[PDB]
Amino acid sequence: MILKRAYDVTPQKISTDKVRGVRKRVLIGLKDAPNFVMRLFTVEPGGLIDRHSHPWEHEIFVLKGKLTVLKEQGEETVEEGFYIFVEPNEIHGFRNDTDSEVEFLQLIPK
């Protein structure tokens, strides 16, 4: 088995015309698993993932903080302990309006 501390993984800052103030850690990656992968995202205060979509589903668990979820229309702010299923091709994004870091686990198929 692989049994490791998530926060020991080196984060990558993500910075594009559509993403700001976000770090990503790959926990269980393509070389480790046969079917789906596990990542941990940290959203800084003011960070933003603009609405977008991919052709695969996402499964998310909110680990820390008040995550604002951008939906195909509108938004909803949720807290640690919420889970999210995002359909294939469903437009969605995220924002952190609070003064502390938000963390969420994200899993996607290979």
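Numbering starts at 1 and runs along the sequence shown.
Per the PDB record, residue ranking by Cα B-factor puts residue 70 in the middle third of the chain.
Residue 6: CA B factor lies in the middle third for its chain, per the PDB record.
Among the modelled residues of its chain, residue 52 has a C-alpha B-factor that falls in the middle third according to the deposited record. Split the chain's modelled residues into thirds by C-alpha temperature factor. Residue 31 is in the highest one. Sorting the modelled residues of the chain by their CA temperature factor places residue 101 in the lowest third.
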